[PDB]
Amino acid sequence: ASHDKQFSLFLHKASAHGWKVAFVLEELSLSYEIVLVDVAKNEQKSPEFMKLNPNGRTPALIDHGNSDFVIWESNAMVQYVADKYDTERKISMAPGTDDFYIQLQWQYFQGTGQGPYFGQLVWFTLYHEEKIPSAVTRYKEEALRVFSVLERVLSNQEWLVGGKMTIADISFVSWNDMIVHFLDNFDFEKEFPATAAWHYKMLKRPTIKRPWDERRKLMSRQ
């Protein structure tokens, strides 16, 4: 609304979560308009935005092609998008199959295991009132542990599920690229070779590079 795209995607430019959804929209050739919700100015707690998400966090999605259907939680947004619109199953497992729920498994690992613990690392590095080395260390270690989990699997198979790149793989990309800068003496390709190759393979895709490049642009300027 105010644009002619199928989706409105409300996100904060610095966040991992909205760009993840952008990746998936790009893969599926779905038109979207990015609507910036600036967490730095507390806009995610604006009453207008909280009408979209009572949690008052980015991102959120409106599907103008489905009666302006509103949905939040980035993982749920991805799932909605892929399930409804990836009917050829280019990048997703078919709903109502075993593999679908393995796909779901990995997305919950992303959303509950990668996101929150990566996020606490950033928090205690950048944002917490006190600088607390033991807290920074905690979530550094946990980030590395997450990498080791991915490596455990990816060293033995190309993709997380179904023998192809899916929304399961894609979901990890944004956070994994962001977290590198927050780890000391860290050589991603050296420490986790299979995970690194997997990561940088996806990031090379124009469908993923484009949105990520736009994040970069948006962030270069205040």
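Residues carry their position along the shown sequence, with the first being 1.
Looking at 100-108 and 82-90 together, the entry lists the larger mean B-factor for 82-90, computed on C-alpha atoms. The PDB entry records a higher mean C-alpha B factor for 180-188 than for its counterpart among 150-158 and 180-188. When the C-alpha B-factors of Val136, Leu126, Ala76, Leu144 are ranked from the entry, the top spot goes to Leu126. Across the options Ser31, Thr195, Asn53, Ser174, the residue with the most elevated CA B-factor in the record is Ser31.
The PDB entry assigns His199 a C-alpha temperature factor belonging to the lowest third of its chain's modelled residues. When all modelled residues of the chain are sorted by CA temperature factor, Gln44 is found within the lowest third. In this PDB entry, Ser67 carries a Cα temperature factor that places it within the highest third of its chain's modelled residues. In the deposited entry, the Cα temperature factor of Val21 places it in the lowest third of its chain's modelled residues.
Ranked by C-alpha B-factor against the other modelled residues of its chain, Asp169 falls in the lowest third.
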